[PDB]
Amino acid sequence: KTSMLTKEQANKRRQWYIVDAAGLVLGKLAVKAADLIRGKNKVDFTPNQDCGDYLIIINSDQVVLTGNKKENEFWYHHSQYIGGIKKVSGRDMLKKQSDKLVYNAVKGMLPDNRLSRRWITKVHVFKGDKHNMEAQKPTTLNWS
Amino acid sequence: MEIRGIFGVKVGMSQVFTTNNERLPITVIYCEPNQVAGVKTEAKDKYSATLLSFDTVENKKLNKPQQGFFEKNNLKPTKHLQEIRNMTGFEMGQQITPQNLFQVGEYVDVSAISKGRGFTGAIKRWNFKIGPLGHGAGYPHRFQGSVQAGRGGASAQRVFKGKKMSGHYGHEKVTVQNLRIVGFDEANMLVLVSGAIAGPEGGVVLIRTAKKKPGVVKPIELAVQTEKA
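Residue numbers (the working numbering), protein chains in the order written: chain A, 1 to 144; chain B, 1 to 229.
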């Protein structure tokens, strides 16, 4: 029948990365970031335990936005109350803490799993560049 | 703007006769001249604030960690400590008279814990209305009637979060603003405040500067009795 298809035995090793968002578009970078963090790009992806990796984003405020969706695309957040719809533009998020928008964009492609909660906790979206994570000696790579 | 406040204990309710024969209700609060426990600057702490320590007690009468910190900080053991946001114009470890902060006719706001009604009905908590009781009105007499929130899979078939129903009323910290300052007593550092103010007579009440009327002062004088022999 089979060679008894194998996986890992909770032998996961994860590395830290440094990426700066200054000229890359939202979606086409977010898809690859999600692929990296979920373990999609790995050769021996083991969904049973994990095959993902960590993520740090530096200077998300300088990320580029495309076309008219800056002033045209609007995102809604609903609190469970009457009139809880908060409908804000992409440029509105630029005038605000924009890293959460990228966080939500990445989460939107996350499959409905009991591990996506821990796949997304390894993503640290920062508007700044200086933080305590720089002392962990990340495996520096970017532009995925 | 920068918020200036002072803490005190209410001791009773009375009234006074202001100028031009106006009977003004008086809340009497002995304000304690406090000594700030710390100041959080806008640069080192990234936001303006000042933690005040008030209701002074004995070191033996205070629990070990905080009284030891007070002694190491060369401060006095006090019953309560509270931070006031947006206040760095003062220094750390001072004895301050609030007379220089609030004036005779300044408008302030008061944060106080209201008298606890506990678990009360929405008839009083949310002030519902009830009409005639004659001609047959069913069992209840203090009720709300309809709680229509969706029947059948069409409209809601649920109950709304954040609804206004019966529950905990009173025993909660609320702020009332834009009330006049009436009376000062520098002999014992006590204040007489116009209107009606929450807070039990004996509890802790904070009186801070109103941010709707920061520098709105008015001429206020007290009508001493004209009947003098």
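Every residue, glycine too, gets a C-beta built ideally from N, C-alpha and C.
| Asked | Found |
| --- | --- |
| Does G162/B get closer than 8 Å to chain A when you measure Cβ to Cβ? | yes |
| Does any residue of chain E have a CB that is nearer than 8 Å to the CB of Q9/A? | Included in the structure are the protein chains A and B, with no chain E among them. |
| What are the complete alpha helix (DSSP H) segments, minimum 4 residues, inside the stretch 114 to 151 of chain B? | 122 to 125 |
| Candidates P98/B, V57/B, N63/B and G38/B: which alpha carbon is nearest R85/B's? | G38/B |
| Does the pairing of the stretch 58 to 65 of chain B with the stretch 22 to 39 of chain B give three or more beta-carbon distances under 8 Å? | no |
| Check the DSSP bridge columns for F74/A and list the partner residues they point to. | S89/A |
| Whose Cβ in chain B lies nearer than 9 Å to the Cβ of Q80/A? | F160, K161 and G162 |
| Less than 8 Å between C-beta atoms, sequence neighbours within five positions excluded: which residues of the same chain meet that for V31/A? | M109 |
| Assess, as a yes-or-no matter, whether the stretch 158 to 167 of chain B is touched by the stretch 120 to 138 of chain B under the definition of 3 or more beta carbon pairs within less than 8 Å. | yes |
| Excluding sequence positions up to five away, which residues of its chain have a Cβ less than 7 Å from the Cβ of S14/B? | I26 and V28 |
| Quick one: is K163/B buried, meaning 16 or more other Cβ sit within 10 Å of its Cβ, or exposed? | exposed |
| Cβ atoms of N132/A and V19/A: under 8 Å apart, would you say? | no |
| For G145/B and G152/B, I'd like the C-alpha separation in whole angstroms. | 20 Å |
| Beta strand (DSSP E) containing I207/B: first to last residue? | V204 to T209 |
| Have a look at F7/B, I130/B and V193/B and flag the residue whose alpha-carbon is nearest the alpha-carbon of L24/B. | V193/B |
| With distances taken Cα to Cα, identify the nearest neighbour of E71/B among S53/B, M87/B, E83/B and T88/B. | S53/B |
| Hey, would you say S114/B sits closer than 8 Å to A198/B, going by beta carbons? | yes |
| Check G83/A in the structure and name its three-state DSSP category. | coil |
| Looking at C-beta atoms only, is the number of pairs between the stretch 123 to 135 of chain B and the stretch 76 to 96 of chain B that lie closer than 8 Å three or more? | no |
| Just how far apart, CA to CA, sit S48/B and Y139/B? | 57 Å |
| Can you tell me which residues form a DSSP beta bridge with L51/B? | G38/B and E83/B |
| Closest by CA to residue 313/B, which one among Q177/B, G134/B, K76/B and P65/B? | Because chain B in this structure spans residues 1 to 229, residue 313/B falls outside the shown range and cannot be described. |
| Excluding the five sequence neighbours on either side, which residues of its own chain have a C-beta within less than 8 Å of the C-beta of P77/B, listed in chain order? | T56, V57, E58, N59, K61, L62, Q66, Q67, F70 and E71 |
| Which class does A33/A belong to by DSSP, given the choice of helix, strand or coil? | helix |
| For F184/B, which residues does DSSP report across the bridge? | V191/B |
| Curious, which full-length alpha helix (DSSP H) runs of at least 4 residues does the stretch 1 to 50 of chain A contain? | 26 to 38 |
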